[PDB]
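One chain is shown next in structure tokens, namely the form deposited in one PDB entry.
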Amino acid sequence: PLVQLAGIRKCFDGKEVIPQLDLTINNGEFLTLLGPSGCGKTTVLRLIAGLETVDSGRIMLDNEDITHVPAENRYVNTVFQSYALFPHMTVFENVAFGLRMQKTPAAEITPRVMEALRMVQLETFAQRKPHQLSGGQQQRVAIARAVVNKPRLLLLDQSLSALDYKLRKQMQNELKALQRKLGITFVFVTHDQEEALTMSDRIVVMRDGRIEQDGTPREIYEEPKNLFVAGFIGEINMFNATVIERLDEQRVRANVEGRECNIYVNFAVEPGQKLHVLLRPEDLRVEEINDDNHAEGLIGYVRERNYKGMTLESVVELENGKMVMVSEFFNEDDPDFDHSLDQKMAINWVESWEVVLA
């Protein structure tokens, strides 16, 4: 347990941002923080570092009380969101500031700085001022300045937002390799959810200072725990169900959008409750229904398409008046009626694929 936060509480001008917070960070861990755009994520990172202090609680690092130790005495480093960059120095001095202040011998200042500059693909911009560069270049300079040292705890706050996709993949791999070879612990703040899910091994979701769900990047997607952590991670369509009869110890009959069907429930249930059934866009199948008679399948009408890349988002309205958000893969060269508009449509789902909640 490298870092422990117990009972940390913080208020700004009399209003609460973090009421209660218990958190543990270990060694060799990649931890990502996600949230609804304004709950609190930079406040936590600044509290962990030597910036603004805590009203009440305890911060422990390596089983040592550090709650009243300032900056310049903690072995942590940070990458800011506003690119806190010294405007009167070249790139080289910006990168070498951290090395110089720890009395690094003058022999290896240049090779290490040039190594970091090669890592971020900016070896040719060594002697250029910050106001002669652009957004991605400034951000890469900030990353390089933070990673030149060998800190045991690196806090990154939106460090890969101003780069293009192909370069973002290279930086993800670079950071992953550095973590694997050395042993740095990372606290990564982002809003791109796919990068969070690919790249990390614990993901913590927040809402107004409350920890809503903490788990490995697979339970965040496969098994949501509240209704908020289910409608935030991706696209999802919620169905209302009424339990009818308890069939088996893992099978329950329920009337859902007016059709009786079989679902998997793994907790106590009694005929008379209102349950939420959660399905994903890519788990539903659609089939044409030319015949007037309809059996074993929801009826709807397809309204528009989106074509968001490799996937063709499709909206189908039921007679009840609700969207369904059906998704698939776009096969243009396939001529077997990939797309057709304004027709009656049927939608079904494979059993034991849904998620059940109270």
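Rigid core here is just the name for the largest C-alpha set that superposes within 1.5 Å across the two forms. Note that residue numbering begins at 1 and tracks the sequence as displayed.
The form deposited in another entry exists for this protein as well; it is not shown, and the discussion that follows is about that form.
Enquirer: Of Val277, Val204, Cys261, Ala126, which is the single residue whose C-alpha shifts by 2 angstroms or more between the shown form and the other one after core superposition?
Expert: It is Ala126; the other listed residues stay below 2 Å.
Enquirer: Relative to the superposed rigid core, does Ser340 relocate between the shown form and the other one - that is, does its Cα move 2 Å or more?
Expert: Result for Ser340: yes, a 2 Å-plus shift.
Enquirer: Taking the rigid core as the reference frame, is the Cα of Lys225 displaced by 2 Å or more between the shown form and the other one?
Expert: No, because once the rigid core is superposed, the C-alpha of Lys225 moves less than 2 Å between the shown form and the other one.
Enquirer: Any chance the CA of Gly38 moves 2 angstroms or more between the shown form and the other one, core superposed?
Expert: It does not reach a 2 Å shift.
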